[PDB]
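Trainee: What follows is a single structure, and I will ask about it in a moment.
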Amino acid sequence: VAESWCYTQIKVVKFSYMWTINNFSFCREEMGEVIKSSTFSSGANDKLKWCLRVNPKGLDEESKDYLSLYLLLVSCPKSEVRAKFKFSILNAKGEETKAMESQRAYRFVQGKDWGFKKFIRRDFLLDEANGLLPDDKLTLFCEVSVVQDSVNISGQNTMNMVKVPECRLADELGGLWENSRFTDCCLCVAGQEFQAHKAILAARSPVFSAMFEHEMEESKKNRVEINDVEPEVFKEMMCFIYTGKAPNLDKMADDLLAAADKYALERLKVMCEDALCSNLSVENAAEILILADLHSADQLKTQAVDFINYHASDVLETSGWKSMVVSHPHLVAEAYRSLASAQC
Amino acid sequence: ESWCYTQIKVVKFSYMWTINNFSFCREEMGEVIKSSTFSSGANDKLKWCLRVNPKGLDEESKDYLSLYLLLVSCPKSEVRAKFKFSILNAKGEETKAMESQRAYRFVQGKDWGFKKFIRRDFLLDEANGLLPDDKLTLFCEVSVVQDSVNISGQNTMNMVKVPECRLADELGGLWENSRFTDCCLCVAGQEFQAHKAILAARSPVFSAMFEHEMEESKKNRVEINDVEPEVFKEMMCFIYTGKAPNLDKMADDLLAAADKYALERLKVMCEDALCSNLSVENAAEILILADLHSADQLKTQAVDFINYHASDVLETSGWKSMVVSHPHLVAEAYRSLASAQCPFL
């Protein structure tokens, strides 16, 4: 309807970073002495690289009590990148208070530097009443808004007289479980019967498939001894194997995660990690560390280490952490190495 | 999320210096009191010192006492330093002492400092309380700072990220290894292997006769002749890999196979591929194929194309061939035209 479908959508890659200028009150690398930062990227593939250039005393003498900051593009593929940036003045609580943003999105090319002359006054930063230098530490928050804005669409306005269902590989196999049809062999776990067959299980499971052919199916095809999981978790992985999804996640993520680690099912591991990553807590941190370590969830190890870094004030005395300490010296050694060396 | 950090290392150390009986020292010297060396902070890396001039080295310093600081030893020529000095607050005096405003480069063996301090008699004046037991206490703070930084930081994190979904890898991976050879189907000479449950699920027609309680005999001597082996391989690739890159040039045979196997999905993709294949010279053949295969969507598209391009479609002899061979098609086309064109004589 309406012939054309002009739906021009603007793609804005928004991402922000924060500074840490140690003891700015007496750095005094002024009047042309260049200072750089850590190069940073948006994360969406490696094309864009920025480096800051701060002048405590700005170039030219007109910015005597004023400072000017310039963002420089070190190198990028030639695409005439257009982007927008903003900065702010920060408080002790780490929230932007006096936020100033660039009026327009500035066109960038390789090696070009864009910034505002006399960006901000020196004395207001140095004002004691404003409290912008807690422990003489200066923080500066920047929010980049790189925009591509390169999209052209033509056509088509197909009325779609016939509705085409998508691929039916999952639901057709998903609906066969309750019917329990075409099950050649038996399958019992923890004394409860779950009628399934080894063909599709072998097809959708390399571990069992390797285990299937090697000197069991000749004799013990009908009965296979499974005890690592209770039926409530085995049915969940069964549903995941056939349907391709495990909707009952949050209530039973942990034991599902352990079962996935036993069978080396990476997708189950990461999605259970997603379920449990949001559930990080002071009281539950220790058992999360132990479960991640036993399951070799390195990413969950890192996130839990970060949680301990941010909550060392209270997590350390928790009885779970003490149990981890007495039981798992290696975990606490790793935590000490991370929080000591990387942080300092 | 960067964690810029940007450490700027500074080592603030100090060196108290106290001269016993300062009144008597003014006479038995004219130039310098070379003090002892000192170090602290970073593992005693740097040796520093100082020397006062109770009597001025030069005429300018004859008016004002000079405490002109010196460097003893250092590894690097470039050493930026801020040095502040005062009295050791015996009474209440945290003022009256100056500062070094600008960071100066301290090279090996060189001396640097200030010299305009105080009048000599005023310093010796007891009213100012600068002679505790005839001693001169100093609170000499030195702050060395370094070529900037040690940048980074990074703070690269966005949740945890997940691997690619693994529906197709399991099917494709098993086929490549050629493991679990459940059956050997010999069709057109070439031998093809496959499994039971997946073929039954994807193809209901294959599931039809294998549901009749006979499977072992048929698999050993399966009869497949309506479809060429190449289209069978294309079917295998579409089922397992999930793509049919060369479907465009084999739509007719693949569409016929889908009709035989009652594959609505494959038939739909075949019709869609054939939709963007109509030309001005072979429209009759496409319409005949659509009618034979009961392609309702393709048949309707062909009818619309003919209605639009009848000025040239009827010119070709294919229309006359259809008229002679298929009178019922002409009859129903005329019925549709008359019903659609109610007005006009």
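Scheme for the structure tokens: letters A, B, ... for chains in order shown; per-chain residue numbers from 1; ligand numbers from 1 in order shown.
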Return as JSON, numbers by chain the residues belonging to chain A that are within 7 Å of chain B, counting only C-alpha atoms.

Mentor: {"A": [16, 17, 18, 19, 20, 21, 22, 37, 38, 40, 203, 204, 267, 270, 299]}

Trainee: Would you write out those residues with C-alpha atoms, as a PDB file, in the first residue's frame?

Mentor:
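Printed below is result.pdb as written:
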ATOM      1  CA  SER A  16      30.693   6.075  25.997  1.00  0.00           C
ATOM      2  CA  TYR A  17      33.962   6.095  27.933  1.00  0.00           C
ATOM      3  CA  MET A  18      35.318   7.612  31.144  1.00  0.00           C
ATOM      4  CA  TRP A  19      38.651   9.200  32.052  1.00  0.00           C
ATOM      5  CA  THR A  20      40.962   8.967  35.052  1.00  0.00           C
ATOM      6  CA  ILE A  21      43.533  11.775  35.272  1.00  0.00           C
ATOM      7  CA  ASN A  22      45.656  10.957  38.311  1.00  0.00           C
ATOM      8  CA  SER A  37      45.045   8.139  26.239  1.00  0.00           C
ATOM      9  CA  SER A  38      44.211   4.478  25.762  1.00  0.00           C
ATOM     10  CA  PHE A  40      39.295   2.750  22.227  1.00  0.00           C
ATOM     11  CA  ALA A 203      22.620 -36.796  15.262  1.00  0.00           C
ATOM     12  CA  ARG A 204      22.294 -33.836  17.663  1.00  0.00           C
ATOM     13  CA  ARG A 267      25.197 -22.883  23.988  1.00  0.00           C
ATOM     14  CA  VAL A 270      26.537 -19.507  27.872  1.00  0.00           C
ATOM     15  CA  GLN A 299      33.784 -15.651  31.389  1.00  0.00           C
TER      16      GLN A 299
END

Trainee: Can you pull out every residue within 12 Å of residue 85 (chain A), counting only C-alpha atoms, but drop anything in the same chain fewer than 4 positions away, and send it as JSON, numbers by chain?

Mentor: {"A": [12, 13, 14, 15, 16, 17, 50, 69, 70, 71, 72, 99, 100, 101, 102, 103, 104, 105, 106, 107, 108, 114, 115, 116, 141, 142, 143, 144, 145, 146, 147]}

Trainee: Would you please work out which residue, of B:205, B:184, B:46, B:257, is nearest to residue 77 (chain B) when using only C-alpha atoms?

Mentor: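 Of B:205, B:184, B:46, B:257, the one nearest residue 77 (chain B), counting only C-alpha atoms, is B:46.
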
Trainee: Quick one: distance from CA of residue 30 (chain A) to CA of residue 57 (chain A) in Å, one decimal?

Mentor: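 The value is 4.7 Å.
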
Trainee: How many Å lie between CA of residue 130 (chain B) and CA of residue 88 (chain B), rounded to one decimal?

Mentor: 10.3 Å

Trainee: I want to know what sits within 12 Å of residue 193 (chain A), based on only C-alpha atoms, with residues of the same chain fewer than 5 positions away left out; could you give that as JSON, numbers by chain?

Mentor: {"A": [180, 185, 186, 187, 188, 222, 223, 224, 225, 226, 231, 234, 235]}

Trainee: Write the residues of the selection above to a file with N, CA and C atoms, as a PDB file, in the first residue's frame.

Mentor:
ATOM      1  N   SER A 180       5.474 -39.260  21.299  1.00  0.00           N
ATOM      2  CA  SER A 180       6.377 -40.376  21.587  1.00  0.00           C
ATOM      3  C   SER A 180       6.323 -41.434  20.487  1.00  0.00           C
ATOM      4  N   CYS A 185      13.991 -47.616  20.710  1.00  0.00           N
ATOM      5  CA  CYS A 185      14.562 -48.147  21.940  1.00  0.00           C
ATOM      6  C   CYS A 185      14.001 -47.400  23.144  1.00  0.00           C
ATOM      7  N   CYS A 186      14.326 -47.909  24.329  1.00  0.00           N
ATOM      8  CA  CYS A 186      13.900 -47.328  25.593  1.00  0.00           C
ATOM      9  C   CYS A 186      14.996 -46.437  26.165  1.00  0.00           C
ATOM     10  N   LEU A 187      14.603 -45.589  27.114  1.00  0.00           N
ATOM     11  CA  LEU A 187      15.540 -44.660  27.741  1.00  0.00           C
ATOM     12  C   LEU A 187      14.980 -44.272  29.104  1.00  0.00           C
ATOM     13  N   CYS A 188      15.621 -44.754  30.167  1.00  0.00           N
ATOM     14  CA  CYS A 188      15.192 -44.523  31.540  1.00  0.00           C
ATOM     15  C   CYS A 188      16.288 -43.795  32.305  1.00  0.00           C
ATOM     16  N   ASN A 222      19.230 -50.789  24.616  1.00  0.00           N
ATOM     17  CA  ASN A 222      17.895 -50.612  25.180  1.00  0.00           C
ATOM     18  C   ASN A 222      17.927 -49.788  26.464  1.00  0.00           C
ATOM     19  N   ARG A 223      18.918 -50.029  27.321  1.00  0.00           N
ATOM     20  CA  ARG A 223      19.011 -49.400  28.632  1.00  0.00           C
ATOM     21  C   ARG A 223      20.371 -48.725  28.731  1.00  0.00           C
ATOM     22  N   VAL A 224      20.376 -47.440  29.082  1.00  0.00           N
ATOM     23  CA  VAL A 224      21.602 -46.678  29.294  1.00  0.00           C
ATOM     24  C   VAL A 224      21.508 -46.002  30.656  1.00  0.00           C
ATOM     25  N   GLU A 225      22.542 -46.177  31.476  1.00  0.00           N
ATOM     26  CA  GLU A 225      22.505 -45.744  32.871  1.00  0.00           C
ATOM     27  C   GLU A 225      22.903 -44.275  32.942  1.00  0.00           C
ATOM     28  N   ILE A 226      21.955 -43.424  33.335  1.00  0.00           N
ATOM     29  CA  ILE A 226      22.161 -41.985  33.474  1.00  0.00           C
ATOM     30  C   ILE A 226      21.743 -41.595  34.884  1.00  0.00           C
ATOM     31  N   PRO A 231      15.503 -36.230  36.828  1.00  0.00           N
ATOM     32  CA  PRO A 231      14.652 -36.181  35.622  1.00  0.00           C
ATOM     33  C   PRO A 231      14.259 -34.773  35.207  1.00  0.00           C
ATOM     34  N   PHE A 234      17.056 -33.655  32.965  1.00  0.00           N
ATOM     35  CA  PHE A 234      17.187 -34.463  31.760  1.00  0.00           C
ATOM     36  C   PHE A 234      16.080 -34.143  30.768  1.00  0.00           C
ATOM     37  N   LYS A 235      14.850 -33.960  31.254  1.00  0.00           N
ATOM     38  CA  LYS A 235      13.770 -33.568  30.359  1.00  0.00           C
ATOM     39  C   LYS A 235      14.041 -32.201  29.747  1.00  0.00           C
TER      40      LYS A 235
END

Trainee: Run DSSP on the backbone and give me the residues of region 222-263 of chain B it puts in helix (DSSP H, G or I), as a ChimeraX atom specification.

Mentor: /B:229-240,248-261

Trainee: Can you pull out the residues contacting residue 240 (chain A)? Cut-off 9 Å, using only C-alpha atoms, and skip same-chain residues under 6 positions away; I want them as a list in words.

Mentor: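 The contact residues come out as residues 246, 247 and 268 of chain A.
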
Trainee: I need the chosen residues saved as a CSV table (one decimal), in the first residue's frame, with N, CA, C and O atoms.

Mentor:
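Contents of result13.csv, freshly written:
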chain,number,residue,atom,x,y,z
A,246,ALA,N,15.4,-24.0,25.5
A,246,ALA,CA,15.2,-24.4,26.9
A,246,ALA,C,14.5,-23.2,27.6
A,246,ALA,O,15.1,-22.4,28.4
A,247,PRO,N,13.2,-23.0,27.4
A,247,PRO,CA,12.5,-21.9,28.0
A,247,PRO,C,12.5,-21.9,29.5
A,247,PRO,O,12.6,-20.8,30.1
A,268,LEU,N,24.2,-24.1,25.9
A,268,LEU,CA,23.5,-24.2,27.2
A,268,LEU,C,24.4,-23.5,28.2
A,268,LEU,O,23.8,-22.8,29.1

Trainee: Check region 4-234 of chain B with DSSP on the backbone and list each residue it calls strand (DSSP E), as a PyMOL selection string.

Mentor: chain B and resi 10-19+33-34+47-53+66-73+80-86+104-105+111-114+136-145+185-187+190-192

Trainee: Could you pull the residues within 12 Å of residue 158 (chain A), counting only C-alpha atoms, minus those fewer than 6 positions along the same chain, as a PyMOL selection string?

Mentor: chain A and resi 1-5

Trainee: Can those selected residues be exported to a file as a tab-separated table (two decimals), in the first residue's frame so that it contains C-alpha atoms?

Mentor:
chain	number	residue	atom	x	y	z
A	1	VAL	CA	0.00	0.00	0.00
A	2	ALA	CA	1.08	3.60	-0.66
A	3	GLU	CA	3.38	2.34	-3.45
A	4	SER	CA	6.83	3.18	-2.08
A	5	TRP	CA	8.18	2.33	1.38

Trainee: Could you state the separation of CA of residue 135 (chain B) and CA of residue 97 (chain B) in Å, given to one decimal place?

Mentor: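 Interatomic distance here is 16.8 Å.
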
Trainee: Using only C-alpha atoms, which protein or nucleic acid residues come within 8 Å of region 310-326 of chain A? Drop anything in the same chain fewer than 4 positions from it, and give the result as a PDB file with N, CA, C and O atoms, in the first residue's frame.

Mentor:
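See around16.pdb below for the written result:
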ATOM      1  N   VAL A 282      25.957 -10.545  46.704  1.00  0.00           N
ATOM      2  CA  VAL A 282      27.000 -10.651  47.721  1.00  0.00           C
ATOM      3  C   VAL A 282      26.932 -12.011  48.408  1.00  0.00           C
ATOM      4  O   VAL A 282      27.947 -12.699  48.567  1.00  0.00           O
ATOM      5  N   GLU A 283      25.731 -12.417  48.821  1.00  0.00           N
ATOM      6  CA  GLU A 283      25.592 -13.667  49.561  1.00  0.00           C
ATOM      7  C   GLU A 283      25.884 -14.883  48.689  1.00  0.00           C
ATOM      8  O   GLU A 283      26.414 -15.883  49.186  1.00  0.00           O
ATOM      9  N   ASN A 284      25.559 -14.816  47.398  1.00  0.00           N
ATOM     10  CA  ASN A 284      25.656 -15.961  46.503  1.00  0.00           C
ATOM     11  C   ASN A 284      26.937 -15.972  45.677  1.00  0.00           C
ATOM     12  O   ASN A 284      27.093 -16.841  44.815  1.00  0.00           O
ATOM     13  N   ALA A 285      27.859 -15.035  45.918  1.00  0.00           N
ATOM     14  CA  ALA A 285      29.035 -14.917  45.061  1.00  0.00           C
ATOM     15  C   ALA A 285      29.928 -16.149  45.151  1.00  0.00           C
ATOM     16  O   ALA A 285      30.424 -16.638  44.130  1.00  0.00           O
ATOM     17  N   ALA A 286      30.143 -16.666  46.363  1.00  0.00           N
ATOM     18  CA  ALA A 286      31.134 -17.722  46.559  1.00  0.00           C
ATOM     19  C   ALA A 286      30.765 -18.988  45.795  1.00  0.00           C
ATOM     20  O   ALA A 286      31.584 -19.537  45.047  1.00  0.00           O
ATOM     21  N   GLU A 287      29.532 -19.470  45.974  1.00  0.00           N
ATOM     22  CA  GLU A 287      29.113 -20.669  45.259  1.00  0.00           C
ATOM     23  C   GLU A 287      29.117 -20.444  43.755  1.00  0.00           C
ATOM     24  O   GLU A 287      29.370 -21.379  42.991  1.00  0.00           O
ATOM     25  N   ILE A 290      32.684 -21.063  42.749  1.00  0.00           N
ATOM     26  CA  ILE A 290      33.031 -22.484  42.752  1.00  0.00           C
ATOM     27  C   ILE A 290      32.390 -23.190  41.559  1.00  0.00           C
ATOM     28  O   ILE A 290      33.039 -23.993  40.876  1.00  0.00           O
ATOM     29  N   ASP A 306      34.951  -9.476  38.884  1.00  0.00           N
ATOM     30  CA  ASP A 306      34.619  -8.053  38.861  1.00  0.00           C
ATOM     31  C   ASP A 306      33.604  -7.708  39.946  1.00  0.00           C
ATOM     32  O   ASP A 306      33.689  -6.647  40.580  1.00  0.00           O
ATOM     33  N   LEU A 331      41.213 -20.787  43.816  1.00  0.00           N
ATOM     34  CA  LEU A 331      40.266 -19.742  43.440  1.00  0.00           C
ATOM     35  C   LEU A 331      40.622 -18.415  44.098  1.00  0.00           C
ATOM     36  O   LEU A 331      40.602 -17.362  43.452  1.00  0.00           O
ATOM     37  N   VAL A 332      40.950 -18.446  45.390  1.00  0.00           N
ATOM     38  CA  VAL A 332      41.308 -17.209  46.075  1.00  0.00           C
ATOM     39  C   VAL A 332      42.632 -16.677  45.553  1.00  0.00           C
ATOM     40  O   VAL A 332      42.833 -15.460  45.487  1.00  0.00           O
TER      41      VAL A 332
END

Trainee: Excluding same-chain residues fewer than 4 positions from region 338-344 of chain A, what lies within 9 Å of it counting only C-alpha atoms, as a PyMOL selection string?

Mentor: chain A and resi 302+305-306+308-309+333-334

Trainee: Residues of the last selection are to be written out with C-alpha atoms, as a short mmCIF file (atom, residue, chain, number, x, y, z; two decimals), in the first residue's frame.

Mentor:
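result_16.cif, freshly written:
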data_model
loop_
_atom_site.label_atom_id
_atom_site.label_comp_id
_atom_site.auth_asym_id
_atom_site.auth_seq_id
_atom_site.Cartn_x
_atom_site.Cartn_y
_atom_site.Cartn_z
CA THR A 302 35.84 -12.88 35.12
CA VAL A 305 35.82 -11.51 39.91
CA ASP A 306 34.62 -8.05 38.86
CA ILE A 308 34.05 -9.23 44.07
CA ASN A 309 36.20 -6.26 43.05
CA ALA A 333 44.81 -17.10 44.58
CA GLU A 334 43.28 -16.29 41.19
#
